[PDB]
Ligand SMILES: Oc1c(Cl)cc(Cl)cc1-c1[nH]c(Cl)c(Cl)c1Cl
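The form deposited without this ligand is given below as one chain in structure tokens.
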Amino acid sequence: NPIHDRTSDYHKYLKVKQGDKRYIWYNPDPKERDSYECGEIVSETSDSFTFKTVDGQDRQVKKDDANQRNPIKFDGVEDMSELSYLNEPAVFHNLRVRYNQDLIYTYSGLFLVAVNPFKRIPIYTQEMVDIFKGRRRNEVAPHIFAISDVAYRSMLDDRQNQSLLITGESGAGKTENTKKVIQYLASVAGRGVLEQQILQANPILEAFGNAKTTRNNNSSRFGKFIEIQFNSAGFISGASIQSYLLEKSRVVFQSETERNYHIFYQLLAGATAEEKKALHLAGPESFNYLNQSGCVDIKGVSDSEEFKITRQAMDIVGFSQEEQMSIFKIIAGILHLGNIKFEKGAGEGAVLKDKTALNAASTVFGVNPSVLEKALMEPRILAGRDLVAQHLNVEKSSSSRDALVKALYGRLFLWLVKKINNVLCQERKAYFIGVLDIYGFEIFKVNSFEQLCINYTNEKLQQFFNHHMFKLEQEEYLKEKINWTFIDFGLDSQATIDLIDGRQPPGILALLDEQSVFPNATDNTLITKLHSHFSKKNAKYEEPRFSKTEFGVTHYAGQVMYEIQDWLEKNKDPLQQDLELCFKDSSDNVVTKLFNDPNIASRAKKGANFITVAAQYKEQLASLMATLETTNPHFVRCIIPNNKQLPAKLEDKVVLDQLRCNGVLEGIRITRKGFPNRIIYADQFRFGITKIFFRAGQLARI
């Protein structure tokens, strides 16, 4: 048995190795508050300590300001709830002592904390999977597999659906830990053909949905909620996937050093000679949508080998050979569309001198090139009562072409997800475990509409955590008749949530919708309206001193400033009707579905027109939260060690910044209020029915 055998790989890679006066943490330099050393207390007054620094000098500190150091026997503890002192340096210290020993997982009350190693650690083999089967949390070391098993056993024992919510910043480890949860469940609860199809769905969605960014070589540019479905006996019976917030803008623009979606590079590197001539392909350097960032490859990645893996995955899930060729025709067609060069004609209207790129796109898509040309440059628009062809200039022709491209890619992604769900999903499941892998709360140099949607999502998810914690504590105090009072910290989030999504008074999204669905609005009328409603009037909003295009929201994790440019266009997401008509006539069996199937081609109906993008997202998030409220949740907080993608480099400011805003420091302290330590009679106070409660510090003195 590996857990009692001290020679096992389990002991080597997952445990602190087992063999056969007063101190504080202080800053040598007060201008670097996250850099600490150890000092020894040598005397005291009623309100201060005097201690010796590392170089042997005397310094004084107030007793209320002092960060006391825990007894050294606690350095490396598996759950930080055991520590006497929970100040900032003490919590960071325990996480660092563990990281120094390649121990990346640590508990902190309800949280599993996971620090990215940026190297391979051999703790995810089938042999490691087998160790965690049926073990309680306090019976085995911290691990993503441990919380997965606890969720599975709770499903079987309590007959209740479960969820695992995995969060953190870009590059922190959300997607890798999600993959390990699915791996674990497929093993412990699997047979099989179905199980392989669930696992093989992942490379398909990562090829079309992930890309290299400055923060992560395999960054997710969408969110996902994966439901693993089980029969009443506890075996896997199906799965379903929901997708959120795909970054369609990446198809047409990438910042310096980043890439487009992986699939474009996979097709160009991996296609055969026959496929290349049939699709009119060349290298990535010959396509505008791939030749502007200065990066066409990723270190350690072979795009041709990845193309094989993508095609094998498509075969296993069950896409036909004709379906696969049509998918690649759409990817090729998008590249050709990006090479169309609009130029100024005799007047202000655009012309197309060379027809090569237009004809190549038209051939692969199966559309009429003369019809497509007129739809791009001379679309018929309703002006008053007249339907009239309007000759667009170079800027507007190019923007319309970009709109076509983004619509083709977004609709293709939806179709891929729907086809996967057709294979995997069941009408009759008994129970489920859901895993959420979505963008974390983050602040960038520019935050726009998509980032507001992300940070709004995380505001609701943090409220959900705080309300859960409140209910657990309330249950235990009222089950012991201990008549002590405390507040639900979930209530503290409601002001920010209402500022964003409220109806009356109207919030930010409601005002955006009002400006979008009637005429005469601009980005200036929009920002002006937001300030009119909220500046010096809502305590969670700020109008800037100088900027005319930005506004501030006070979130749980701090203030974020957002910009307004293009929000009206983003909320409507327009595409010319003559372009819709052109592609509705396609001879291709997949393209025809992207334009003729209303479940893919259109958002939902609202009034005499359609719902906006913001209203669609509010509804999508509300549906997700309703599902989560029916489950028993589990929480994983992923932490990135530095901003250089390097191992063995745990940077004090990078990590402490995350701990101050990811809820770890605030949460572990909240459970010290009142009476944290409880123990049955057999094993400063208020008497209960079966246990002895005790305020902070009392049990440690005993």
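Residues carry their position along the shown sequence, with the first being 1.
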Residues with no coordinates between residue 683 and residue 684, taken from the deposited sequence as a class: 10 or more
What stretch has the higher average Cα B-factor here, 81-89 or 162-170? 81-89
Greater mean Cα temperature factor according to the PDB record, 205-213 or 136-144: 136-144
The residue of 654, 670, 659, 636 with the maximal C-alpha B-factor according to the PDB record is 670
Which one of 343, 450, 619, 513 shows the top CA temperature factor in the record? 343
Lowest, middle or highest third - CA B-factor, residue 273: highest
For residue 464, the third of its chain into which the C-alpha B factor falls: lowest
Chain-wide C-alpha B factor ranking for residue 536, given as lowest, middle or highest third: lowest
Among the modelled residues of its chain, the C-alpha B-factor of residue 663 falls in the third labelled middle
Is residue 395 in the lowest, middle or highest third of its chain when residues are ranked by C-alpha B-factor? highest
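In what follows, reference is made to the form solved in complex with this ligand, a form of this protein that is not presented.
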Applying a 4.5 Å heavy atom distance criterion, does residue 574 contact this ligand in the deposited bound form? yes
Is it the case that residue 414, even though its partner is missing from this view, gets within 4.5 Å of this ligand in the deposited bound form, heavy atoms only? yes
Just to confirm, residue 138 within 4.5 Å of this ligand in the deposited bound form by heavy atoms? no
Please tell me whether any heavy atom belonging to residue 599 falls inside 4.5 Å of a heavy atom of this ligand, as the geometry stands in the deposited bound form. yes
Only one of 85-93, 272-280, 566-574, 343-351 has residues with a heavy atom within 4.5 Å of this ligand in the deposited bound form, and that stretch is 566-574
Exactly one residue in 407, 327, 527, 337 has a non-hydrogen atom within 4.5 Å of this ligand in the deposited bound form; which is it? 407
Of the residues 467, 396, 603, 355, which one places a heavy atom within 4.5 Å of this ligand in the deposited bound form? 603
